[PDB]
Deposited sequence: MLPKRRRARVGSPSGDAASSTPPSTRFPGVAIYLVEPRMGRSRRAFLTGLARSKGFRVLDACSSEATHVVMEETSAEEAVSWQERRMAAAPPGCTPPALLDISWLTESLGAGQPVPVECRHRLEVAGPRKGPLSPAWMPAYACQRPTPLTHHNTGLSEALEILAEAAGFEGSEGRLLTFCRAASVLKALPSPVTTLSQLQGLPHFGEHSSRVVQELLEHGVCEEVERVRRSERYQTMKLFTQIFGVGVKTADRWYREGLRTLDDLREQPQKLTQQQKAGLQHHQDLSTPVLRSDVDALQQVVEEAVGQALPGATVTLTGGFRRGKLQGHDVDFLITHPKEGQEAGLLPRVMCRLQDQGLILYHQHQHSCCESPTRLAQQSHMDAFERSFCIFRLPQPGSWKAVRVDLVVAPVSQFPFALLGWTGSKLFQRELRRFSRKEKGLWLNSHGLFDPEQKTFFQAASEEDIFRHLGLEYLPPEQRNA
């Protein structure tokens, strides 16, 4: 079992679901407390279990697995022996965890904002609604749409959304394309949002595209919130999606890249978040190359790698290719 998540396939569904869930509770709780190193280790240990070919049934099967030391092994041991881990259950029922989870779910609220509200004594969404002076416009939109945004987006919703985005994109710039990215490209059947990557085959034609796309969608009445409702290339918006006899709010992320950068942008925005962190760490620490969603930089030659495909990028990094479905770290 390799030490980096980008060195092994990780399928969406696997054989250690309960164990990985518990470790991810501890990871999440570590993040709420600002302990990013502990979050990383608990996330990595959970991901190792996702990559295993069969269920862990005995403690001895953790021998030699990377990212399993005293703490993560004790969590697994307790789950194997009793079906529950006391530390995990204490986190689950704690007021701090439940409130930080609730608050950071709000679009526009991160750990730092949630933690400040917690320290001020706020605990519920209605507590926030009674203090609208504390809220940015983004947070007001996240708070008002929170119920809809807590409802999973279905794969059957995604096709309808892509067609409406493609219509606006085609008027904004004929020839521009829309590619589904994020969790749905990795094979997920539901999601917290829908992620799209937009480009044009002629380099440079994509300059200035996203404002034109957003104004066309807003004219169609489809945009419940976006940050520009001057030049921008990413938009994190709330969209109006049809439902039977009604509509529901859905989060949609739109990103524009030049076609020269499209393989890097596709790789970055396809995720998973941990897969990409691991891939970028691998690139820098093991290969001495700097990876981001725009390119891959050799800091000694001071040169950028040209890539025509995701396959190119894996080859550059000396990694076996993983299709999106196996990037579910």
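Where C-alpha coordinates are absent, the deposited sequence of this PDB chain has the segments 1-137, 367-382.
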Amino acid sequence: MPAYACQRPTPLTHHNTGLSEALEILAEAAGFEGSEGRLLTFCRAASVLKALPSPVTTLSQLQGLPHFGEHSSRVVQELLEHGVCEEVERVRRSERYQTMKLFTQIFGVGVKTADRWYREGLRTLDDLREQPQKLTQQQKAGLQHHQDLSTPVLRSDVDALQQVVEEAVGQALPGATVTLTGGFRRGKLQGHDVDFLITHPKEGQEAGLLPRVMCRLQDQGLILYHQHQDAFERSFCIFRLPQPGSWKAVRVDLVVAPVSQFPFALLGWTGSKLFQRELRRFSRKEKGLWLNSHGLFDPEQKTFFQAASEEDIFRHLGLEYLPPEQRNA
From here on, numbers count along this sequence of modelled residues.
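Per the compared records, residue 230 is unresolved in at least a third of the other entries whose models span it.
Mean CA B-factor, 26-34 versus 264-272: the higher value falls on 26-34. Taking the PDB entry as given, 156-164 carries the higher mean Cα B factor of the two stretches 186-194 and 156-164.
Highest CA B-factor among the listed residues (249, 122, 169, 255): 122. Within the group 259, 180, 213, 231, the record's highest C-alpha temperature factor is found at 231. In the PDB entry, residue 202 places in the middle third of its chain by CA B-factor. For residue 49, the recorded CA B-factor ranks within the lowest third of the chain. Only modelled residues enter the ranking.
In the PDB entry, a CA B factor belonging to the middle third of its chain's modelled residues is recorded for residue 329.
In this PDB entry, residue 235 carries a Cα temperature factor that places it within the lowest third of its chain's modelled residues. Compared with the other modelled residues of the chain, the Cα B-factor recorded for residue 278 ranks in the lowest third.
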